[PDB]
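Mind the numbering: the sequence shown is residues 540 to 689, 692 to 715 in the entry's author numbering, read in order. All residues carry an ideal CB built from backbone N, CA and C; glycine is no exception. Okay, so here's the structure we're looking at.
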Amino acid sequence: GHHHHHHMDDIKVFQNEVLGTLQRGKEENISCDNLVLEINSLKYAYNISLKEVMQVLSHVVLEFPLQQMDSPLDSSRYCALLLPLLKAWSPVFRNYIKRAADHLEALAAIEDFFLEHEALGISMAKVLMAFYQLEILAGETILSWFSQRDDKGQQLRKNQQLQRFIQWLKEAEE
């Protein structure tokens, strides 16, 4: 109906504007503070929730490198492009991602991205390490997420490099 329809339309335009902001941010090296002012204004302009800001920021940054590479999608090439972006914009992530529930919202967006880009799955352990080392995500929420109830998501959690990382991550934490 009209409510879900108009809202899905809003989120789409909003996400397009978050892309435009980050394209400009990457070209200009716009400060994290000014990026946050832009995303905040768009969140009100497009009437999106604060949780939808976090999910959309996560998708847009994770999708950003795809503009920069051909297909078949090659994962080491992906990681090499992604990591400078996470370093640059980690403060933008930390402006919104603050409480345990927020950390799980972002993890679930990261899950959805990997599940939608099966050929990048291999690099998922290295990407979670970057979110962890950059203090975007807490080790304890990463563990919580890994251990959750909800097909393809259960099949992702039998990724080898990931299990290895989940065990490593249990060492630095406890």
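Residue closest to residue i, alpha-carbon to alpha-carbon, out of the options
{"i": "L558", "options": "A713, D613, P604, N586", "result": "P604"}
{"i": "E657", "options": "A669, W628, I636, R698", "result": "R698"}
{"i": "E556", "options": "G540, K626, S570, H598", "result": "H598"}
{"i": "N568", "options": "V666, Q696, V631", "result": "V631"}
{"i": "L646", "options": "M593, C618, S610", "result": "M593"}
{"i": "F653", "options": "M608, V575, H543, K693", "result": "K693"}
{"i": "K565", "options": "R616, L625, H543, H545", "result": "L625"}
Which of helix, strand or coil DSSP assigns to residue i
{"i": "residue 690", "result": "Not modelled: residue 690, which lies between 689 and 692, the two residues flanking a gap in the chain."}
{"i": "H541", "result": "helix"}
{"i": "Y671", "result": "helix"}
{"i": "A677", "result": "coil"}
{"i": "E712", "result": "helix"}
{"i": "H546", "result": "helix"}
Residue i vs residue j beta-carbon contact at 8 Å
{"i": "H642", "j": "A664", "result": "no"}
{"i": "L601", "j": "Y635", "result": "no"}
{"i": "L703", "j": "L682", "result": "no"}
{"i": "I587", "j": "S629", "result": "no"}
{"i": "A584", "j": "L622", "result": "no"}
{"i": "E650", "j": "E679", "result": "no"}
Presumed contact (8 Å Cβ cut-off) between residue i and residue j, rounded CB distance
{"i": "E577", "j": "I550", "result": "Their Cβ separation, rounded to whole angstroms, is 17 Å, which puts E577 and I550 out of contact at 8 Å."}
{"i": "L659", "j": "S614", "result": "5 Å"}
{"i": "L620", "j": "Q607", "result": "5 Å"}
{"i": "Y617", "j": "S662", "result": "6 Å"}
Next item on the list: Scan the region 569 to 652 and note each continuous alpha helix (DSSP H) run of 4 residues or more that stays entirely inside, going in chain order.
Entry: 571 to 584, 589 to 602, 614 to 635
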